[PDB]
Every structure is written in structure tokens, then in C-alpha cells.
Amino acid sequence: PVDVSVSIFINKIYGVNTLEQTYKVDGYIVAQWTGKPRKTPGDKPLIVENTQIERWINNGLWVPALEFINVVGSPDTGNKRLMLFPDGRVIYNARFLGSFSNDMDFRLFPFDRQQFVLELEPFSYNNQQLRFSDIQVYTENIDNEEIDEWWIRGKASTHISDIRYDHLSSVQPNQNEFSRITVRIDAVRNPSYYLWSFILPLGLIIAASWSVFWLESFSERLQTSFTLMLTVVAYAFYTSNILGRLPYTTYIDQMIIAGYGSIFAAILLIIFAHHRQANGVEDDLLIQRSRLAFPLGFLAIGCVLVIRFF
Amino acid sequence: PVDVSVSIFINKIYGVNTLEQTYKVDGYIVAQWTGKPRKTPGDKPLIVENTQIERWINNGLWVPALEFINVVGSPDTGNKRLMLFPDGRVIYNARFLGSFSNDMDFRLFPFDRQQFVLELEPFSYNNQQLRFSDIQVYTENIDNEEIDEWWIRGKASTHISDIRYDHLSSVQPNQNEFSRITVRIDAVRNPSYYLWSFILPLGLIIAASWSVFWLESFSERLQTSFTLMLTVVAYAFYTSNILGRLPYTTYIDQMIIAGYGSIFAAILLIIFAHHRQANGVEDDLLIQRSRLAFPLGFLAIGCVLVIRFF
Amino acid sequence: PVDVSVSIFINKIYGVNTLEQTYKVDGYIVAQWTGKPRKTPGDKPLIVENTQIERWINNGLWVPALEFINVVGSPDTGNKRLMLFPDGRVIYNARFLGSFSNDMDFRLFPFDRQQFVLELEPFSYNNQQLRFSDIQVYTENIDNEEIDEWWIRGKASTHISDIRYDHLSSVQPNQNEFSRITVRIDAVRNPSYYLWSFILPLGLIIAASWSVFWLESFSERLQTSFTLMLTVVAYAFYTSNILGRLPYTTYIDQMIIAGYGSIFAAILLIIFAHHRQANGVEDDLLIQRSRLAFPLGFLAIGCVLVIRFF
Amino acid sequence: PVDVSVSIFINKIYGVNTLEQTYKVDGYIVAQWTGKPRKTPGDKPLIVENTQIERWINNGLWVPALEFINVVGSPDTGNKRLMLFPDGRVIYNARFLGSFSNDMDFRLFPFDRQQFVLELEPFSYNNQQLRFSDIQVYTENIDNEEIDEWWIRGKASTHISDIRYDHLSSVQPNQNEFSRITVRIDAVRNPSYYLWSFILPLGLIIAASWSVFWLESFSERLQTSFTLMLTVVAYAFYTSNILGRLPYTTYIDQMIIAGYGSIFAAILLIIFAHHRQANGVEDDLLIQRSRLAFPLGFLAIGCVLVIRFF
Amino acid sequence: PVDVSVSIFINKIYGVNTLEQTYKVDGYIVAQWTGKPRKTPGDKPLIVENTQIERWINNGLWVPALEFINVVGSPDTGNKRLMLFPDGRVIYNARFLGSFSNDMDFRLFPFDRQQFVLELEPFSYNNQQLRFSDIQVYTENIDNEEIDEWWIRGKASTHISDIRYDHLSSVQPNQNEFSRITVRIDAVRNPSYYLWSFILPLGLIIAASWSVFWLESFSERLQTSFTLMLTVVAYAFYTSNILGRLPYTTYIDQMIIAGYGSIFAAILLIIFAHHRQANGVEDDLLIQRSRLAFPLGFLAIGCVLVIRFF
Ligand code: NA
Ligand code: NA
């Protein structure tokens, strides 16, 4: 087998698209490995750039292709560099730019923690003939800085894994498992946008929809609460704006459903109160006396969700 | 004729676009077939990667092109591998990534069951000179896991079909039918998103638009019901958001039209009730007595649609 | 001159974009023509696939380029096949996929009938040296089936036309007119989507905006009619959603303007009625007596438009 | 210097995008020029198509590259034709398709007049070694017909200009000015869409918001005028839909701001009128007597803008 | 080391996308450097255009690749020119078109000042073998003119920087720092669009929501203020339209939150006023006496933000 040493440089991470579960990675790929010695002009290694590497491959150079597994489309390679040493180590450099896609789990969406994964494999050389020795990661341009809505934490977590591909069994019986390089880039979201943008105006709308309880006329109790109920229902599709069509709820989702329950229970309580007014002049007191206990109850449900879910 | 053995690996299915009737498939193609024996260096098969397969084709190697029928655009191939055995079997490997399009039928949209089809054909070699022997499918990375709004069930269903192309009749009279590989990937949707997102707030709006019947003043009976009627009409275009401009209705569509009928019959009943008030003080009882029977009627229409349609 | 026989296969029509006046066509191109005889291995015609046709062109083969006139961008060709017969007929096959654009006329939009046109020309060979003999069309996969909002009727209508290009006059004086292949694919829209989706809720809104005439209080006559008037105005941009910024009106457009006239005349009639109430207690009868005659009038305007326009 | 004769054919203009200031042009490029005589087979000029022009360039043919200046991206060339005459004139043909971008000035947007400009330059040959003799334009397929929202007027206006490029001064001291071909295609918009689509419903809304002055109750004067004021404010973003984020106003913009002034002055006048009602029963007459003079005033402001601006 | 002189021409800047933090740059690249002398036909330098530069590279010409660091995707190069002098200076010309991305800081968004940065580096040649001598910038076509929402100020600010790349340490121990060309293009936004488009209608809405204080009936004080409050809340997402999901607020954001505070404090003050009405007939004076002091207070908060923030 042949040892391979890979060094990775990450330029910038951008274009994180939760709707399509994609994100874009910029950087360079450097693969170092050792072969037979050769002769170079001078005692200095040879520089072979693009539209000249193919000529040396046609001469008989062995340059394996190292693909990326978790990409959509094709890695948009730029220039590519081949470095040839007389002593017998061959170094291939290229600038990738890939649109990477991976699984994400949005349970606690405003305060979520994700990771970016990079999965690299040789295309046709198994570890019995091409082994990845080690990788050292270079993340310094994005080491501690904020992506447009995500914060970065710490260094990269890396691992090389060996995975079996059963679909080569008819064409390569026993040696069909591949050395795979896996790199993790941890990332945490900034809650700040949603905190100043949605949970605040919703908070004011909930407060006004509670303050409607202090009124003393029936039309003011119903019509304003109805308009507020419909406009609160109109904010159901905020999660679908940023995220996909997720089968599970978030804090915005759970909060807005709790708001729905509050306003619907309020309008049912008012209707039941008027139905208890048999003559239209007998006044109930206990049924609107909930101005101070149930706000503590709603904050209690909120703090139970906060304590248990965190 | 020449036998061909194809083994298929499916990496991931994503980007299911019901609006354009497209979906994206990642994976690898492996075609195995047997020809004349040859000479290789060593007793080990030769590895010929990209920008070197064309040289061996120019040497006289017979590598047929196996296209995909049901794609939009072109399959975005990546690297391609040619495996050459001295004993006389030639194995071609390539990584496809295609945007696949096929028919879909959205009668029962929230609870629908679809399948993904892959249709492959050689470009110019009929089965009298190129026969597909068999295919074995490899679906393990996506064997039992949820696509972003679709669930996967079971293994792949495969079939090889032989179809006649009449447009080669002027250029190839009798032998113009092609061996086609067909692979089915069954998929079932998750109703969960729409269940928590749309049928619930619509349910609360219908319940409030019914609870308006318990009021005792004319302006409250009309104005709130009118605003609720217009906002219920405003949710007509929800199906057009996810789906296309379909000629047929769904459960959201049938439910929202039933809601339209309920609110329009309610407002007509209220107007007819006031017209029966000849003096403006004579009160009707039978015309608003439908508070308990017609909700059972609406649930009856719903359960009839549920029982008969399922 | 040289005869050319072209046979066309159409795979599927999709992606009809009325906003950009584009549509996508899938299929294969087959051009058959006769030249000088040659020598082949065996008595069987030679199969020359892609990345090998260029070598035979460099050998001295005459393969003309047959472009498409009415495309946007470039035809996304796939594989291409060259068929070489010893007796002297050369057959070129390729899989096109083009985004085709042509004129459309949307006078009667919900019930419109269009056609898809395919315009093909050789790039540089006039009919004095390259003549199109005939074409036979192959439309069987889409022969009788519904495109996502269009129905297909009958077979293809074809014609070969000879058109003069005056811009070669400085470079080719007398022989500058080109043989052009024209294929028509008739298509009719399905009215069903718009029939269940827009003309129905608009019908209910118009009916409610008429039923407001049966009320007996001024505020109920004005405020509800005003809200309904503004929401009917809000549906002006439905045509701009599907279609472009058309200089002419459709049935949705004419219907919604008729609705505008109805609601604006109604609110002016109510204001004029209240102005005729000099003391605020004198009641008019003739000015609201139009509950039964003018609905017949509005249906009369509708049926006049239906009878005359159809 | 070398004379060059260019003849231009324009196929169709489409995809005019005011938001990105782009438009798409289809057509062919024909460049005719005279060089040294040569030998051809027969007495007939040689036809050299694509993937064969490069071989003759490698033979020593001088084919300059004629780029387009005002494009975004790259001109999507199709086939390219080289015509070789024995007498010594070389004719290059190619089918371009470019996305062209240029300045536009939207002062009087609904009734605007623009022009399409085509700017062509050789890439590296100045007029001391490559001179453009003349151009004759061929616009017949689009000579008098309507683009989807633009009308075409007259023939093309052309000019060849010689412009200095100062950035070659370090590499070519004295001879660094380039012969540039400039073609103008005048175009005028059709006001019809906006005339039937926006200025009409806005006209009805303004008329209703004036007709609110004829009412006799305070709540009807305020609430309806408030809802109409907010929905008129809601139509502020119509210009941003079609156009960009322009620093200057249009007729829709000026009209909607005039509407804003009318409704805001009306609501301030009503509030001031009620404040002049000291006892709540004393009635003002002069403050609502403006039903007939200020509509003439608003039409006067409109006709002043029409007369002065046109 | 080898000196390199680079001259840059900028054609046009367009497509500034704050949502994706991208912008597009058009222009040409010219690199001048001196090598060994050679022989040319005549005493005039040789013109080598595209699809001929690669042949001279294969002959043994040393043409380094000068990439751009801060691009997304790949620079869409057009034609490329090589200029060869007999005396020994080699000049490479090419037309780039890149989508450039860089950091932006939107604290004071309507009145912001940004700069466009261009970062260029050789791909594999460090300054010990390739040194950038100097750069002279050519910005004349866009020297003083307005980009579609940005104004340009002054000349370009340029600097050449030398940056260490630690990821070549395993492959090149001591000499791994690269000469980088950095060009700054200062740009200032035009506040005019937002000034006439959003801060004006919001100003009228705030003025009407203040003028509601002059009314004398409870329903008019509540219902209109409630509808205005909800529609003011509805304009929260204006910043998200142009900008991204920013963690920090702007002047539109701070102004709209101040409006939220004004309307919510107003509705709470009205509710508290009615609660102070113990009998429903006792009238408060001090609680609505804030018609003249708190508008001065709101303008005071605005002018404090204006003075301190500027
Ligand atoms: Na009311
Ligand atoms: Na209302």
C-alpha cells in the first residue's frame, strides 16, 4: 500500500442554505505522498501547473483522483498544481470550491449547534494500494469570526474512517473498502436576529391581546381580539421562510401555537361569559378574574419548556 | 449479442421539486461485461482513470455510452473509471448526478405514496449487439432514513424492459428495439408538517367562525364573519405554493372549499334570518338552532370523504 | 445539391414558461443523407460514437451542422452518433435538449389554444448544396397525454420552408436562401385549475358583495362593502403572477374589472341614496329596488362577452 | 492597417430586465476582410466549420478575436463559420447570444423611450493594424413588432467610434486606441399594462376615499378613511417590483405620494373639524365645503405635472 | 526573484448583492514582466491570442497563473492575450469577470460607506521567485458616476501585501509567503430611495397614530390605533428584504422599534385611563395632556440618536 499525507486549508465558509440543506466551502487541497525518485533540472523541485499536468500523466505519472462524497454537483476546481521532487515525493495542489450538503437537526432552532462535515475519498484506489496517513487542518482565516448568521467555536475535529463499499463485490471481491477523510467544523447560531425581530413584536401582540381583557364593552372585546387572532394566525409561515417543510416544531412554532391556544381560549371564555349572561345584564366576575393568575400560568408553561428542553 | 451486467449504487436522493416534477439522484454507475482477453502489466488488472480512457478508446477499445432517458439537462458526471482485466472482462465506472423527472399523481396529497424511477438505455447499441444481463441494486446509505419531507419504504424494485423505437426504421429496418433498465424507489410522504401547520389553524378559524353563531348582536354576527370569510378565501393559494397549477383538488383544497361553503351558507342564513324579521323585532329560533346538528353534519361530510376516499 | 432526410423524435415537452415565453423540448435528431460509397470492416455499418466523430471529420468526412433558430442559449446536446454505411449513406444521430421560445397570443387565456414550433436550419449550407428532402415525425411518448397544464391534440403539423437571408449578400451574392424545417405541435390548455381556484372564490365574493344590499343599517352597508371592495382590488395582480406584463386583458381581467364596476357603482348608489335622504329619515325605495334586475344585467353582460368573444 | 467590413444580423431581442439593467440579444456576426490570395480546391470558396477553424489557425491563418464590451458574463457563441476565398478575402461567421447591459434613465417610466446599444471591439488589434471600414445592419425579423412590453421604432442607428485605452501605455506607448463599433436600437415602452392595471384601481380607491366626505357619521368618516389610507400606503412598493431601488420618483410614485397627501390632509381636516366642535353639537360648514373645489385642485396639480413634465 | 508589473483596468461594477455579500467586477488584467530575450519575426512584437498560448507554453514558455482570492466560483475569463517582445519582456493580457465577496458592516445602513476589495495572488510562485513590483490602477469609465444604488468617491486605494501561508510548511519549509495585490474601491450609498420610499409613509403613519389622541370616543381611540399598531408591526421585515438576517439593528430598525414603543405605550395609557374611570363618566385630563410634550420627547430621542450615532 501507498501512504498519503493530506493537508487541508479552508478559505471561507458561506452560503449556508438550510432550505436546501447546503453550504459552500472555499479552500485548497494539498496531497503529499512518496514514490520512486527521479531526475529534475537543477536540485530544485519542478513546478508543473495546469494544462501541463496532463502531459506528465500521459508520460506515465501516477496521480490518483481524490473526490468528495458529500457534494452536490461537482467541486468547482480552479487551478491545479503538481509539485515534483527528485528524491521521490509527489505533491498535488488544487483549489476546490464545493457546495456541501449534510444532515441537520433543527429541534432547538434559535439556539442550535451544528457542524460542517467534509468527506473525501479516492475514486478507485482502496487502502491496500492507497492509504491516507494523516491530516493536519489549517483554519486561520475563519478561526474566530462570525459567519453571517453562525458563530464558529474552536478548532476542527478530524478523523479518518475506513468504510466498506459492497457494490464492488462483483468486480473486486475481497478488497473493496475505502479510506475516507472526515473533517468536522463546529458551528453555533447567533440567536440575536430572531430575538430582536420576531419574539419581540409577537410579545407586544400577545401583551395587547391580553390587555383587551381590561375593556368594558362587548364589541371592543370581540372585534379587536378577532383581528389580533387572525394576524397571529398569519404568522404561522415564518418557520417555512427560513427552514424547509420540517416535520417537527421549534421555539417559534411552539410559542406561536401557545399564543393560538391563549387567544382561542380567551375568545371561547368571552363567548361562554356572554352565554352565562342570561338576561344580558347579569354580570360575571369570576370568568374575567384571570387577569393576574393565568399570565403567571403562561409564563409557567414557558419556563417549564425552557427548563425541561434546555 | 453481448451480455452486460450493471450494478447500481445510490448515494442520496434530494431536491424533490413537485413544482417542476423533478428530483436529484446521486450515485455511481458500474457496468461489467466480457470481451476478448488481453495482456496487462503483472497479473493485476489495469487502472485507467479519466483523461486516459479516451486514449484507450482511440487505441480501439469498445466502450459503449449508456445514457439515461428520463433526465432533464445532462447527467453531471464526475470522475470516470475504466477497469481492464487480462482475462477479458471490461468494467466501466463513473459517478453520475442527474436531475430526474417523471410523472406524479397528487390525488391524496397529504398522505401520498410515490416512486422514483431511473430509466437507462444504451445510446446506439440494440440488444442484438448489447444485452443487459441483470442488475443488483445497492441502496444502503438511504435504506431506512427520512428525506426532508419523504419517507423511504423497503428495497428497490427493478425490471429490465425491451422497448421499440420506431424512428430508426428508415436507418435500421428490423433491429431497432433497445434494452432498458428500469429501477423503482418507493417513497411515502410524511403528513406531519401540514398536520401541525395548516389543518390546525384552519381548524381554529372554522371553530371561531362557528362560535360567531352564539352572539346576540347583528353587527358582531356580520362583520367578524365577513372578515373571517375573506381571510379564509385568502388561503386558497396554499396548494399552488408547494404544488403546481394542478387540474384536480386535494384534501386541503376539498377542506377549504367545504369551509367556503360553511361560511357562505352561514352568511346567507343570517341575511335570510334578518329578512324574515319583518318588523325588526320579531325573533326567529329555528334558523339559528343549527348549533349542534350541522357540526355533526360537517364532521359527517368529512368522515364520508375520509372513509370513501381512503 | 445534396438531399437530406431528417427524422425527428420528441421525448417530452415540459417547462412551459409563459412569463419568459419559453418551453423545453427533449428528443433526438436523426439526419440521413447519401454520399459516395466507402469501405467498412465486414458488411455491417460502422458505429462511431462521441469523441471519435471528430477524428473522422479530421479524416475528411463532410458532416454539416444543423442548428435550431428559435432557441434561447444553446441546445444542450448529449451524446452524438455517426452511422457510416459502405454503400454511401451517412447517418448522424444526436440527443438535443433545447429551451425553445416563440410568440404567443393570450386573448382568451383560460381557454387558449397554442402551438409549439421547432425551427431548424443548416448553419452555412444553402439548398443549392444541401437540400432537405422530407421529414417524418415521431411523437408517441407524448401522443395523447396531459402536460402539467396543457393538453395535446392530434399529430404534428410539419412544413419545410425556404427563407432568404439578405445578410449574406456581401459574402454570397445570389445563393443565400436556406432550407428550413418547421414542425408544429398543437396544444390546448386545461381551464380546470382556474375554474376551481379563482373564478369560484371571486364568485362567492361577488355574491356576498351583492347580498350586502339586503341589510338595513348604514354602517353595515358601507364598511363591509368597503372592505370587500379593497380586497377585490387586491386581486388585480393574479394575471401578472402567471403571465407577463401583457398590454391586453383576459377573462379574469375583464371579469375583475366588471366586479370593480359593480362594487364602485354600488357604493356610489348608496352614497347618492343617503344624499337623497334630506332629513335622514325619508326612505328611498327605487334606489335599492335593483336587487333582481341588475343581477340579470350583470349575467347579461357576462353572456354577451361569452357569446361574442367565443 | 487592415480594413474590416462587418455585417450584423439581429435575430430577436428578449429578456429585458430593468431590475438588473440587462437584456438579451440573439443574432449572427459576420466579419469580412481582405488578405493575401491563396489556393482552394476548385474555383469555389472553402467551407471550414467548427472544430476545424482551429486547425487552420494552427496552420498560420490570422483570425482576430472581436469581443463585445458591454456584456455580462461571456457571449454564448454557438457554431462558428470560416469562409475562405482563393482571391484573398476571409470571412468569419459566428452565432452570438449575449446578455447586454447598459445605462437606463427612468424619469418618465410609464411613457419612457430607451435604446439598446451594442459595443464591439477587437481584443488586441488597434486601428493601425485592424480598421473597421463600415457596417450595414440587418433588422428584419424584429423590424416592426412588439417585444413583450416594448415597441420598436425605425431602423438601427449605427456609428463607429475610436476610443483611447490608457492602460496599454506601459505596454504599447503611442498606438493604444481601438476601433469600436456602436449600434443603437431605439425602443419605446407600451403604457397599456400599467394604464389598465394600476392607475385604474388606484383611481377608484382615490374616488372612494373622496366619496367618504359625503357621509354624516363620525365613525364612518374615520374608520373607512383609515383603512383606505393604510391600503394606499401598502401600494408603495409597486415601483420596486418592476424597477430597482431607484433614487428618483416616477408617475406612479408621484401619483401615489399625491394620494398620500390627499388622504392625510383629509384626515387632518376631519380631526381639526371635530376639534372645532367645542360642544360636540356645533356643526361646521366651511371645512367640508371643499367637495367640488379641491377635486379641481387635485386635477389641476395632475395637469400641471402632465403639461410641465411632458 | 522575478519582478512583475501589473496594470489593472476596471470596466464596470454592478450586481452588488448585500443578501449574499457579493458584487460583480468587469475589467481586464495586464501583467508585465521581464525575462530572457528571444527572436521574433520582424522587429515588431508577436501577437499570440487564445488557443495558441497553450502551444507556446508547451514550447517551454513560463506563464504563471495569477488567481484571485476573494472570489466565489471561478473568474469567468474571456479571451486571453500574450504579448511577446524580442528584447525579453513578456506581457499577458486577459479579460476577467469575477463575482467578488467580502465583509461588510451595516451599522448605519441608510448612510453607509463601503469599499470594494480585489485580492490577487499567484497560485504557486512565492516572492522569492515571483515578486510584484508595482500596480497602477485605471478607473475612468466608472471614475465619477452612480452605480444603481451606490455613489463612487475618489480614486482607487492600492497596496501590495505579503502574507504567510502556513499550510505549505510540510511541502515548502521556509519560503511559503505570497505577494498579494490588494485594491480598494471606496463606495458610498445614496440615501435617497429609502428617504422617499419608507421613512416618509412611516412618518405619516406615526403622525396619524398620534392624531388619534384628539378623538373623543372610546371605540375610535382603540380600533384605529389597534389596526395602525398591527400594520406598523407588519413592516418589521423591510430590513430582511434588502439585507440578510443581521444580528444588529439599523436606523429603519431603531425607528420602527421606537414606533412600536410609542404605539404600545399609547394603547397602555388609554387602557390605564379607562381603568382610572371608576364610574365610566369621570374624565381624566392629565393622562391625555401629553399631546405637545411627548412629540418633543420623541423628536428628542430621534435627535439624540442622530447626534450621538453620527
Ligand atoms: Na365597527
Ligand atoms: Na375593521
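Basis of the calculations
For each chain, numbering restarts from 1 and follows the sequence as written, which can differ from how the entry numbers it; residues lacking coordinates are not listed. Going through the entries in the order they are written, you letter the chains from A and number the ligands from 1. To obtain the side-chain values, all non-hydrogen atoms of the structure were included, while hydrogens and water were left out. The helix and strand labels rest on DSSP assignments: H or I over at least four residues marks a helix, E over at least two residues marks a strand, and numbering proceeds from the N terminus. The globule rule used here is 2.2 Å times the number of residues to the 0.38 power, and the radius of gyration it is set against is calculated over C-alpha atoms. The rule is simple: take the accessible area with a 1.4 Å probe, protein chains only, and divide by the maximum for that residue type; under 20% is buried, over 50% is exposed, in between is partly exposed. We call two residues contacting when some pair of their heavy atoms lies within 4.5 Å. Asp and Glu are treated as the negative residues and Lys and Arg as the positive ones, with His and the ends of the chain left uncounted. In plain terms, the charge of a residue is placed at NZ if it is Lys, CZ if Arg, CG if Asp and CD if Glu. Superposition of the copies is carried out by least squares, using only their C-alpha atoms. At least two bridges found by DSSP between two strands is the condition for calling them paired. To obtain an axis, a line is fitted to C-alpha atoms, over the contacting stretch when the element is a helix, and the angle between two such axes runs from 0 to 180 degrees between their N-to-C directions. Buried area: the accessible surface (1.4 Å probe) lost by two parts on joining, summed over both. In the sections that follow, a salt bridge refers to a side-chain nitrogen of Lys or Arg positioned within 4 Å of a carboxyl oxygen of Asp or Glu. Within 3.5 Å is the distance limit for a polar contact, defined as a pair of N or O atoms, with the added protein rule that one can donate a hydrogen and the other accept it, and that residues adjacent in sequence qualify only through two side-chain atoms. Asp, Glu, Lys and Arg are counted as charged, while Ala, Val, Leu, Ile, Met, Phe, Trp, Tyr, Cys and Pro are counted as nonpolar; the rest, among them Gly, fall into the polar class. Just so you know how the angles are binned, under 35 degrees is roughly parallel, over 145 roughly antiparallel, 65 to 115 roughly perpendicular, and the rest oblique. By definition, turning the near helix anticlockwise from the far helix through less than a right angle yields a left-handed crossing, and turning it clockwise yields a right-handed one. Two rings belonging to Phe, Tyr or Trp (six-membered ring only in the last case) form a pair when the distance between their centres is within 6.5 Å. Interplanar angles under 30 degrees mark stacking, angles over 60 mark edge-to-face geometry, and anything in between is tilted.

## Structural notes on the overall build of chain A
Working step 1: Across its full length, chain A carries seven helices and twelve strands.
Working step 2: Taking 19 Å as the expected radius of gyration for a compact globule of 310 residues, we find that chain A reaches 31 Å, considerably beyond that expectation.
Working step 3: C-alpha extents for chain A along the principal axes are approximately 105 × 40 × 30 Å.
Working step 4: Every one of the 310 residues in chain A was classed for burial, and the buried ones make up 52%.
Working step 5: In chain A, 71% of the contacts between residues at least 6 apart in sequence involve partners at least 24 apart.
Working step 6: Computed over 26 positive and 31 negative side-chain charges, the separation of the two mean positions in chain A equals 5 Å.

## Quick notes on the relation of the copies chain A and chain E
Working step 1: Aligned on chain E, chain A shows an RMSD of 0.0 Å; the corresponding rotation is 72 degrees and the shift along the axis is 0.0 Å. Taken together, the rotation and translation describe the operation of a five-fold axis.
Working step 2: Mapped onto chain E, only 2% of the interface residues of chain A again fall at the interface, so the copies present different surfaces.

## Notes on the sheet that holds strand β6 (residues 89–101) of chain D
Residue and element names in this part refer to chain D.
Working step 1: Reading across from one edge, β3-β5-β6-β2-β1-β8 is the order of the six strands in this open sheet, with mixed pairing throughout. Strands with a single pairing partner mark the edges of an open sheet, and in this sheet they are β3 (46–48) and β8 (131–138). Strand-to-strand twist of the sheet, defined as the mean angle between neighbouring strand axes without regard to direction, takes the value 25 degrees.
Working step 2: Bridge count between strand β1 (residues 3–17) and β8: seven bridges; the pairing is parallel. Residue pairing in the sheet places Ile8 in a bridge with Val137 of β8.

## Details of the interface of chain B and chain C
Working step 1: Chain B puts 45 residues into the contact, and the matching count from chain C is 52 residues.
Working step 2: Summed over both partners, the interface of chain B with chain C comes to about 4,600 Å²; 63% of that surface belongs to carbon and sulfur atoms.
Working step 3: On the chain B side of the contact with chain C, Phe123, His167 and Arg245 of chain B bury the most area, a combined 17% of that side's loss.
Working step 4: If you look at where chain B meets chain C, you find one salt bridge.
Working step 5: Here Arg95 of chain C and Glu67 of chain B are joined by a salt bridge, their closest N and O atoms 3.4 Å apart.
Working step 6: At the junction of chain B and chain C, the tally comes to seven residue pairs in polar contact.
Working step 7: Residue contributions to the side of chain B that touches chain C peak at nine residues, all from helix α4 (residues 218–234) of chain B.
Working step 8: Here the side of chain B that touches chain C is composed, by residue class, of 26 nonpolar, 14 polar and five charged.

## Notes on the relation of the copies chain B and chain C
Working step 1: Mapping chain B onto chain C calls for a rotation angle of 72 degrees and an axial translation of 0.0 Å; the resulting RMSD is 0.0 Å.
Working step 2: Both copies present different contact surfaces, since only 2% of the interface residues of chain B are interface residues in chain C too.

## Description of the pattern of salt bridges
Working step 1: Applying the stated criterion across every chain yields a total of 25 salt bridges over all chains.
Working step 2: Put simply, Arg180 of chain B and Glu121 of chain B hold a salt bridge, and the shortest N to O gap is 3.2 Å. Taken together, the residues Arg180 of chain B in strand β12 (residues 177–189) and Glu121 of chain B in strand β7 (residues 113–122) connect sequence positions 59 residues apart.
Working step 3: When its relative accessible area of 16% is taken as the criterion, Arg180 of chain B is described as buried.
Working step 4: Owing to a relative accessible area of 2%, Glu121 of chain B belongs among the buried residues under this scheme.
Working step 5: Of the charged contacts, one joins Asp87 of chain D and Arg89 of chain D as a salt bridge, the two residues approaching to 2.8 Å between their closest N and O atoms.
Working step 6: Residues joined in a network through salt bridges with shared partners are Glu119, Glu121 and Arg180 of chain A.

## Some remarks on the packing of helix α4 (residues 218–234) of chain D against helix α3 (residues 199–211) of chain E
Working step 1: Where α4 of chain D meets α3 of chain E, the closest approach of the two axes is 11 Å, and the angle between their N-to-C directions is 165 degrees. In terms of their interaxial angle, α4 of chain D and α3 of chain E are classed as roughly antiparallel. Considering how the two elements wind past one another, α4 of chain D and α3 of chain E form a crossing that is left-handed. Contacts between α4 of chain D and α3 of chain E pair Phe226, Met229, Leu230 and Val233 of chain D from the former with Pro201, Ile205 and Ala208 of chain E from the latter.
Working step 2: Residues of the contact of α4 of chain D with α3 of chain E, tallied by class, amount to seven nonpolar, no polar and no charged.

## Things to note about the environment of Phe310 of chain B
Residues and elements named next belong to chain B.
Working step 1: Note that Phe310 resides in the segment after α7 (293–309).
Working step 2: The class of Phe310 is exposed, set by a relative accessible area of 63%.
Working step 3: When the C-alpha positions of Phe310 and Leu108 are compared, they lie 8.6 Å apart, and in sequence the two are 202 residues distant.
Working step 4: Excluding residues within four positions of it along the chain, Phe310 makes contact with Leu108, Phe111, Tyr251 and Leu305.

## Observations regarding the pairing of strand β12 (residues 177–189) of chain A
Residue and element names in this part refer to chain A.
Working step 1: Of all 13 residues that make up β12, eleven are buried, and the element is covered over most of its length.
Working step 2: Relative to β12, strand β7 (residues 113–122) runs antiparallel, the two being bridged by eight bridges. The residue of β12 that forms the bridge with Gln114 is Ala187.
Working step 3: Of the strand pairs in this sheet, strand β10 (residues 150–152) and β12 are connected by three bridges, and their pairing is antiparallel. Considered in β12, the bridge of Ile152 is made with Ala187.
Working step 4: Pairing geometry for strand β11 (residues 157–164) and β12, over eight bridges, is antiparallel. The residue bridging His159 from the neighbouring strand is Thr182, located in β12.

## Description of the environment of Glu67 of chain D
Working step 1: Its place among the elements puts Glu67 of chain D in strand β4 (residues 66–68).
Working step 2: Taking C-alpha positions, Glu67 of chain D is 5.7 Å from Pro122 of chain D, a pair spaced 55 residues apart along the chain.
Working step 3: Leave out the neighbours within four places in its chain, and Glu67 of chain D touches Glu119, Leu120, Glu121, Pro122 and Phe123 of chain D together with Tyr28, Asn79 and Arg95 of chain E.
Working step 4: Here the side chain of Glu67 of chain D touches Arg95 of chain E through a polar contact of 3.4 Å, side chain to side chain.

## Describing unusual backbone geometry
Working step 1: Of note in the backbone geometry, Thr51 of chain C takes a positive phi value of approximately 45 degrees without being a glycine.
Working step 2: Structurally, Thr51 of chain C is set in the loop between β3 (46–48) and α1 (53–59).

## Section: the packing of aromatic side chains
Residue and element names in this part refer to chain A.
Working step 1: Considering all chains together, one arrives at 105 aromatic pairs over all chains under this definition.
Working step 2: Arranged with centres 5.8 Å apart and planes meeting at 10 degrees, the rings of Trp210 and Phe294 form a pair that is stacked. Of this pair, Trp210 sits in helix α3 (residues 199–211) while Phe294 sits in helix α7 (residues 293–309), and the two are 84 residues apart along the sequence.
Working step 3: Since its relative accessible area comes to 15%, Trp210 is described here as buried.

## Examining the sheet that holds strand β8 (residues 131–138) of chain A
Residues and elements named next belong to chain A.
Working step 1: If you walk across this open sheet you meet the six strands as β3-β5-β6-β2-β1-β8, and the pairing is mixed. Where the open sheet ends on each side, the last strands, each with one partner, are β3 (46–48) and β8. Across the sheet, the mean angle separating the axes of adjacent strands is 25 degrees when strand polarity is ignored.
Working step 2: Bridge count between strand β1 (residues 3–17) and strand β2 (residues 22–34): eleven bridges; the pairing is antiparallel. Within β2, the position partnered with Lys12 by the bridge is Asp26.

## With respect to the interface of chain A and chain E
Working step 1: Taken residue by residue, the interface counts 52 residues in chain A and 45 residues in chain E.
Working step 2: Taken together, the two surfaces of chain A and chain E that pack against each other cover about 4,600 Å², and 63% of this comes from carbon and sulfur.
Working step 3: Looking at the side of chain A facing chain E, the largest losses of area belong to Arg95, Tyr193 and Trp196 of chain A, adding up to 14% of the total buried there.
Working step 4: The interface formed by chain A and chain E holds one salt bridge in total.

By themselves, these observations are geometric and do not establish any function.
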